[PDB]
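As a plain string of letters, each chain reads:
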Amino acid sequence: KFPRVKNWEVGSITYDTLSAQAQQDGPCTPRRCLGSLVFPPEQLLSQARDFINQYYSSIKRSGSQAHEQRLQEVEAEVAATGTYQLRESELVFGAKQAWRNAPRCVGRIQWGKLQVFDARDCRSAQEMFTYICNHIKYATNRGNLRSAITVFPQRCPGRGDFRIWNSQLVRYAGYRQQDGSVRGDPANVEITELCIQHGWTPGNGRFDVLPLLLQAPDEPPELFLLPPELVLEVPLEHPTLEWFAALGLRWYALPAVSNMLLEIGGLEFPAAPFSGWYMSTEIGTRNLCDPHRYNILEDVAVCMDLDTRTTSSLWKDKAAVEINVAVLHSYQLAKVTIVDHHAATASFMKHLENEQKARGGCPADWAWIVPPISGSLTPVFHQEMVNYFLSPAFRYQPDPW
Amino acid sequence: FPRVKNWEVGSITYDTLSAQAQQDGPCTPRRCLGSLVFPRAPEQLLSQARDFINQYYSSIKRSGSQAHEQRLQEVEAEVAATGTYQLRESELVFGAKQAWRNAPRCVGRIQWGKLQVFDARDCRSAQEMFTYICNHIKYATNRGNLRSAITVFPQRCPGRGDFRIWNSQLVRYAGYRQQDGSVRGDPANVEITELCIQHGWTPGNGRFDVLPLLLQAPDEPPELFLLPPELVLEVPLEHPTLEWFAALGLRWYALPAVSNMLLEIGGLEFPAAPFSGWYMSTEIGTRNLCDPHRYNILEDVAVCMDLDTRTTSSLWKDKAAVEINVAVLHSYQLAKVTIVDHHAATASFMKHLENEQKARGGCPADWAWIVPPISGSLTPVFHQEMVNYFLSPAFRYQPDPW
Ligand code: HEM
Ligand code: HEM
Ligand SMILES: COc1cc(N)nc(CCc2cc(CCN(C)C)cc(F)c2F)c1
Ligand SMILES: COc1cc(N)nc(CCc2cc(CCN(C)C)cc(F)c2F)c1
Ligand SMILES: C[C@H](O)[C@H](O)[C@H]1CNc2nc(N)[nH]c(=O)c2N1
Ligand SMILES: C[C@H](O)[C@H](O)[C@H]1CNc2nc(N)[nH]c(=O)c2N1
Ligand SMILES: [Cl-]
Ligand SMILES: [Cl-]
Ligand SMILES: [Gd]
Ligand SMILES: [Gd]
Ligand SMILES: [Gd]
Ligand SMILES: [Zn+2]
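Residues numbered from 1 in each chain as written, not as in the entry; some residues may be left out. Chains lettered and ligands numbered in written order. Heavy atoms only, no water.

Structure determination for this entry is recorded as X-ray crystallography, at 1.8800 Å resolution.

In the annotation of the PDB entry, chain B is listed under the name Nitric oxide synthase, endothelial and assigned to Homo sapiens.

As annotated in the PDB entry, chain A carries the name Nitric oxide synthase, endothelial and is attributed to Homo sapiens.

Take a look at the structure:
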């Protein structure tokens, strides 16, 4: 079958033929849908073959010339050595494809413009740090943010793995107390205690940038203090609520995911940090207002003199909107690239139209594409979507312990 | 069995109930189609009947008792001699409540045990059907102190056509296709509007014209019935602090009464069984008034509010929508018509999930429909993983009769 997909705002119908290529199976069955869940050897040749075929199709060079050629070297490389190395442009093409294939990413209209830094020859934690440091300064670019990914060595058997122990390159500390509850970011309480365990004297702040626990193969991690002028941060203020700045809230410029695993042609890169620029709801709605994160919503509503005594005043909704307004205002005044959820979702709709004519569909995870505020005010809410796994891909992986 | 996390609290449970999922949904291990709005003989009738009777005798703490085996026997005998069977009244009441309890897209299910069931299985004509419907509306509306209710018309049976209510709800506003191709009124109802005109209705030309009912008796064309105005309780919309808002002339109706779904109980099908609750405010304020394919008022409200509508990063859409929902809540409270906001509704749904975990080992829930269309992650259901599956008794979609 080819799933019929409807856009209810316009009445248009498309068929997702690309879904028929679904490689890895997801968590749903005819009996029950698990779509809402956050976390659901010489067959290596099979996935290497298919990825190489993808490469030469994308350059109008299938069934000719070096296509058959490159098929044989990987045949020989694996027959001889048991794995294989990717050609330079393949690593590039595979990095962009895995972004293109990320079902939960609303920012994919940008997928063709990605800076791929090849770090496959890295071989120490001090080396990672300067690779990571080049990435951060390139991507930050004085606030004119540029998408980038650094690709550390591809895992091989019988020997350890490169891993960044932090979930992101920039994280804020979270400290327990004489009463349990957390000062700082609660999402990072764990890595905060691992950084304390391995040295790092704890600060006493709600926005202390954590160090970096970087791990070379078969070696215990090594702490690396991040250069303060390399971590671009934005103090948060509101255009008309003058007291908002006095709340002392801040967030960082660069969203750099450093705990996911990049998988290209059967190869596995457990260290491949990728970075883009923020959508404002990630900071304003999820990071600052989630009950298990900074959870500032009631505090902002107190300052706004809102009626927190009744849910039907919609005090939560009014304060959340103003927090998002402050995020967008602050980043724009700081000249730091950011995108609001209306602009982001409109571009994703254009991306769906592109991917329809280009590939016959697009894997999209509705629950992650629709923003966490104002869902039905964005066009993606009214768009039916089909979720499935394509390769190359970014995958979650276990914490390195 | 699927493990299910609540990310706000860190809680973990397992949905053992999903293992009992009767019919099949649209998802496969290849591909999830969870976001799709429409995702869809004697021995098999016997099998659903047997399961339902088991459910009924379980709920009354009489599993495997004498009465239980007798009822099983009575149903098989009736299916063999007539091809179908008849529900006892208490079984119908249980089946209607279970169907609501099993509805995965309903956030209002904390209320599932408080459902007034009107037995209209003796209905013989469209005229009698209209009288039943008017009494349903009257009872459920209750001068604004709304009460949940369902009216069950005769089941589908071999030899005769179905009872059908052609209208998707008992209260709908007309949608008039216009001179240029626009729509005056509710664009969701253009089709049923054209049908009513074609069946003799003299149309109005307002934006909030209540439609007549088109009621179909077995093997009869549909018959048009006008609802008496004093039966349709409506709420003029005003804003507590934006006084120009009343001059928009917006209104909405008190009673959400779904009238085009099929009730399935133990293999028997009731193609006409309208049911009604009370509104959650986002349904009116966000979906019905602000959807671009509905009344689509968001831009005009934002212009009146003097928001900057030429850049998206001012969040003019979010600000106008919030005040439209404030206006709905204020107006319904002022008129003393039951309404629940999305925060209270989702909080009570969380309690429903916990009740159902202890009672049945889980709860079928459709995350994309449970999470409200504004301020999603501000409600607790956003951070709750959910498992979507089909249990019976059930409310199902059915094709339009025309
Ligand atoms: C350039 C601007 C970008 C924007 C505005 C953007 C936006 C987003 C957002 C809002 C999410 C949802 C985050 C969540 O899980 O709550 C997301 C997820 C994701 N993005 Fe993007 N993104 C961008 C660039 C990129 C790049 C450069 C890559 C990789 C090369 C990427 C790959 C992914 C992946 C793999 C996920 C899934 C994360 C997860 O499952 O937790 N994105 N993106
Ligand atoms: C009493 C207060 C109630 C509230 C607050 C409530 C709330 C809701 C909401 C917000 C929806 C989603 C509607 C949409 O966006 O299309 C819904 C769907 C639904 N409700 Fe409830 N409801 C209530 C009563 C009832 C009753 C009494 C029944 C049946 C006896 C019921 C059965 C259903 C069903 C079957 C659906 C799914 C309809 C569909 O698939 O489109 N609800 N409910
Ligand atoms: C690399 O470029 C990007 C640009 C933007 N704006 N966002 C991302 C996703 C960032 C991201 C954030 C989170 C935590 C946040 N919620 C789960 C509460 C988990 C991820 F797994 C992830 F990936 C990436
Ligand atoms: C019976 O009691 C109820 C109480 C409340 N508040 N809401 C409902 C749902 C009413 C309902 C509405 C819609 C159309 C709107 N969408 C497309 C956004 C479809 C349904 F299938 C349905 F059922 C029922
Ligand atoms: C329980 C639920 O699946 C979970 O909260 C998901 C829902 N949608 C999301 N969407 C985004 N963008 N980010 C998230 O973390 C989540 N969380
Ligand atoms: C395409 C998408 O699934 C569709 O617009 C859904 C999303 N969630 C919804 N949720 C509710 N309550 N009602 C709806 O109509 C919808 N529409
Ligand atoms: Cl983040
Ligand atoms: Cl409605
Ligand atoms: Gd004050
Ligand atoms: Gd005023
Ligand atoms: Gd006007
Ligand atoms: Zn699914």
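Moving on from the coordinates now.
Our focus in this paragraph is the interface of chain B and chain A. Facing 62 residues of chain B, the contacting portion of chain A comprises 62 residues. Regarding the contact of chain B and chain A, the summed buried area is about 5300 Å², with carbon and sulfur atoms giving 61% of it. Applying the counting rule to chain B against chain A returns 1 salt bridge. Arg-30 of chain B is the partner of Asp-25 of chain A in a salt bridge, and the nearest nitrogen-oxygen pair spans 3.6 Å. Mapped by element, the contributors of at least two residues to the side of chain B that touches chain A are helix 6 (281–290), helix 8 (316–334), helix 9 (342–360) and helix 10 (367–370) of chain B. The residue makeup of the side of chain B that touches chain A, split by class, is 29 nonpolar, 20 polar and 13 charged. (Contact = heavy atoms within 4.5 Å. Buried area = accessible area lost by both parts, 1.4 Å probe. Salt bridge = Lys/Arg side-chain N within 4 Å of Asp/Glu carboxyl O. Helix = DSSP H or I, 4+ residues; strand = E, 2+ residues; numbered from the N terminus. Nonpolar A, V, L, I, M, F, W, Y, C, P; charged D, E, K, R; others polar.)

This next bit is on the state of the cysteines. With the rule as written, the count across this model stands at 0 disulfides over all chains. Its sulfur unpaired, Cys-363 of chain B is 9.8 Å from the next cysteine sulfur, which belongs to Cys-106 of chain B. (Disulfide = S-S within 2.5 Å.)

Before going further, it helps to spend a moment on the coordination of the zinc ion (ligand 12). Around the zinc ion (ligand 12), the protein contributes the donor atoms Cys-28 of chain A (SG), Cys-33 of chain A (SG), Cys-27 of chain B (SG) and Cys-32 of chain B (SG), which lie 2.3 to 2.4 Å from the metal centre. Around the zinc ion (ligand 12), the 4 donor atoms are arranged such that angles at the metal cover 102 to 121°; this shape is classified as tetrahedral. Linking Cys-33 of chain A in the loop between strand 2 (13–15) and helix 1 (44–57) with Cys-32 of chain B in the loop between strand 2 (12–14) and helix 1 (42–59), this pair reaches from one chain into another. You can call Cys-32 of chain B buried: its relative accessible area is 13%. (Donors = N, O, S within 2.8 Å, 3.2 Å for Na, K, Ca; no water. Tetrahedral: all angles 85-135°; square planar, octahedral: opposite > 155°, others 65-115°. Buried < 20%, exposed > 50% of the residue type's maximum accessible area, 1.4 Å probe, protein only.)

This part covers the domain arrangement of chain B. All names here are of chain B. Under the domain assignment, chain B is made up of domain 1 (15–121 + 148–158 + 262–276 + 346–370), domain 2 (122–147 + 162–233 + 397–401) and domain 3 (234–256 + 279–344). Distance from the C-alpha centre of domain 2 to the C-alpha centre of domain 3: 25 Å. Contact with domain 2, which involves 20 residues of that partner, is made by 18 residues of domain 3. For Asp-186, the salt bridge is made with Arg-294, and the minimal N-O distance between the two is 2.8 Å. The tally of links from domain 2 across to domain 3 stands at 12 residue pairs in polar contact. Here the side of domain 2 that touches domain 3 is composed, by residue class, of 11 nonpolar, 5 polar and 4 charged. (Domains from an automatic or database assignment. Polar contact = N/O pair within 3.5 Å; in protein donor to acceptor, adjacent residues only side chain to side chain.)

With that out of the way, let us pick up the domain arrangement of chain A. Residues and elements named next belong to chain A. In terms of domain boundaries, chain A breaks down into domain 1 (16–120 + 147–157 + 261–275 + 345–369), domain 2 (121–146 + 161–232 + 396–400) and domain 3 (233–255 + 278–343). Once you take the C-alpha centre of each, domain 1 and domain 2 turn out to be 27 Å apart. Contacts between domain 1 and domain 2 engage 21 residues on the former and 17 residues on the latter. Both sides of the domain 1 and domain 2 interface together cover about 1600 Å² of buried area, and 63% of this is carbon and sulfur. Where domain 1 meets domain 2, there are 1 salt bridge. With its nearest N and O atoms 2.9 Å apart, the salt bridge here joins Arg-155 to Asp-161. Counting every contact that joins domain 1 to domain 2 gives 7 residue pairs in polar contact. Listing elements by their share of the side of domain 1 that touches domain 2, those giving two or more residues are strand 3 (115–118), strand 4 (148–151) and strand 15 (274–275). Tallied by class, residues from the side of domain 1 that touches domain 2 come to 13 nonpolar, 4 polar and 4 charged.

Once that is clear, we can look at the site of ligand 2. Residues and elements named next belong to chain B. Close contacts around ligand 2 come from 16 residues, with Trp-100, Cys-106, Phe-275, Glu-283 and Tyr-397 the closest. Here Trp-100 contributes a side-chain N or O atom positioned 3.3 Å from a nitrogen atom of ligand 2. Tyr-397 has a polar side-chain atom sitting 2.2 Å from an oxygen atom of ligand 2. Broken down by class, the residue content of the shell around ligand 2 amounts to 10 nonpolar, 4 polar and 2 charged. (Near = heavy atom within 4 Å.)

The subject of this paragraph is empty space enclosed by the protein. Looking at the largest cavity, its volume works out to about 230 Å³. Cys-33, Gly-35 and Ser-36 of chain A together with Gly-34 and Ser-35 of chain B are the residues nearest the centre of the largest cavity, which is lined by 19 residues in total. The set of elements that each furnish at least two residues to the lining of the largest cavity consists of helix 10 (366–369) of chain A together with helix 10 of chain B. For the lining of the largest cavity, a count of residues per class yields 11 nonpolar, 6 polar and 2 charged. Of the voids in this model, the second largest cavity is the one considered here, and its volume is about 90 Å³. In this structure, the second largest cavity is lined by 14 residues; those nearest its centre are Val-370 and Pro-371 of chain A together with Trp-367, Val-371 and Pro-372 of chain B. (1 Å grid on protein atoms, 1.4 Å probe; cavity = no way out; pocket = protein on both sides within 12 Å on 5 of 7 lines; lining within 4 Å. Points joined across faces, edges and corners; volume = space filled by probe spheres on them.)

On to the sheet that holds strand 13 (residues 262–265) of chain B, then. Residues and elements named next belong to chain B. On the basis of which strands lie adjacent, the open sheet formed by 3 strands has the order 14-13-18 and antiparallel pairing. At either margin of the open sheet sits one strand with a lone partner, and together these are strand 14 (268–270) and strand 18 (394–396). The average undirected angle you get between the axes of adjacent strands in this sheet is 30°. Relative to strand 18, strand 13 runs antiparallel, the two being bridged by 3 bridges. Directly across from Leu-263, in strand 18, lies its bridge partner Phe-395. Taken strand by strand, helix 3 (residues 89–101) contacts strand 13, strand 14 and strand 18, and its axis lies near 120° from that of strand 13. (Pairing = 2+ DSSP bridges. Axes fitted to C-alpha atoms, helices over the stretch in contact; angles between N-to-C directions.)

This part takes up the nonpolar core. Core analysis: the biggest nonpolar cluster contains 60 residues, and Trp-251, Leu-288 and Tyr-331 of chain A have the highest contact counts within it. Core analysis: the next-biggest nonpolar cluster, separate from the first, contains 57 residues, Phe-130, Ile-165, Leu-255 and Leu-289 of chain B among them. (Core = buried A, V, L, I, M, F, W, Y, C linked by side-chain atoms within 4.5 Å.)

All names here are of chain A. For the structure on display, the rule yields 33 salt bridges over all chains. Here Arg-155 ties to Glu-268 by a salt bridge, and the two come within 2.3 Å at their closest N and O atoms. Here the residue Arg-155 occupies a position in the loop between strand 4 and strand 5 (163–164), and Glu-268 occupies one in strand 14 (residues 267–269), the gap between them amounting to 113 residues. What makes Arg-155 partly exposed here is its relative accessible area of 32%. In this structure, the salt-bridge partner of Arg-286 is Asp-290, at a minimum N-O distance of 2.8 Å. Look at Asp-290 and you get buried, because its relative accessible area is 1%. What you see here is one network of salt bridges that share partners, running through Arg-155, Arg-159, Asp-161, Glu-268 and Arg-395.

Another point: the packing of aromatic side chains. Scanning the entire structure with this criterion turns up 39 aromatic pairs over all chains. Plain terms: the ring middles of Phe-118 of chain B and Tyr-139 of chain B are 5.1 Å apart, the flat faces sit at 85° to each other, and that makes the pair edge-to-face. Here the residue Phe-118 of chain B occupies a position in strand 3 (residues 116–119), and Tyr-139 of chain B occupies one in helix 4 (residues 126–141), the gap between them amounting to 21 residues. The interplanar angle of 65° and the centroid separation of 5.6 Å between the aromatic rings of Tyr-173 of chain B and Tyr-253 of chain B together place this pair among those described as edge-to-face. Of the two residues, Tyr-173 of chain B is situated in the loop between strand 5 (164–165) and strand 6 (175–177) and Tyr-253 of chain B in strand 11 (residues 251–253); the sequence distance between them amounts to 80 residues. Each member of the pair, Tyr-173 of chain B together with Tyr-253 of chain B, is buried. For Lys-6 of chain A, the ring lying beneath its charged end belongs to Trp-8 of chain A, and the centroid distance is 4.0 Å. Between the NZ or CZ atom of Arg-104 of chain A and the centre of the ring of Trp-368 of chain A, over which it lies, the distance is 3.4 Å. (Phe/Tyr/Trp six-rings, centres within 6.5 Å; stacked < 30°, edge-to-face > 60°. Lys NZ or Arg CZ within 6 Å of the ring centre and 35° of its normal.)

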